[PDB]
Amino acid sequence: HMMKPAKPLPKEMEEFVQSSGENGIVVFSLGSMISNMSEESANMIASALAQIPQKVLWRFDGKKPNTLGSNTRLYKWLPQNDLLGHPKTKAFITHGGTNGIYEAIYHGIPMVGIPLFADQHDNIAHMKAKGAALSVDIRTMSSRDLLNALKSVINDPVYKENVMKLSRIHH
């Protein structure tokens, strides 16, 4: 692995991240297929995210979900790598592209994959077998299923321990 250092966040974004206190944050990025899917999918995701105490930064560019939580901010662009390096970061939600999984690995951030394409399926299945991720299919699963996965990856420290083992293979 090359090193993948983080820089500081934009000022307004750092302030939102700090507002999470001891709860910390969840980064959902890029989420690049969500806006080609139904309004319903986005609402189901938004419902799940609204039920955790963490603040959530969601890279998103569609219509605002009607079930958006007050804990969740929507951003057309994010500095994903900088967020993943932030000490407040507890979990990463991603479709499961290679680039963003390399960054999760480097920064030691466990994952909830929302895979759609073959390579994402494969990548997330590999992270899952390593103990570093859980997965949901947003086309078949419920808001509750995603919520349960989030709570697990956020709070059970063994997921983070398992992803940090992968950077030391890589280190």
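All residue numbers are counted from 1 along the displayed sequence.
Look at the C-alpha B-factors of 41-49 and of 107-115. On average they run higher in 41-49. Across the two stretches, 31-39 and 51-59, the PDB entry reports the greater mean Cα temperature factor for 31-39.
When all modelled residues of the chain are sorted by CA temperature factor, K7 is found within the lowest third. In the PDB entry, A125 places in the highest third of its chain by CA B-factor. When the modelled residues of the chain are ordered by C-alpha B-factor, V26 sits in the lowest third.
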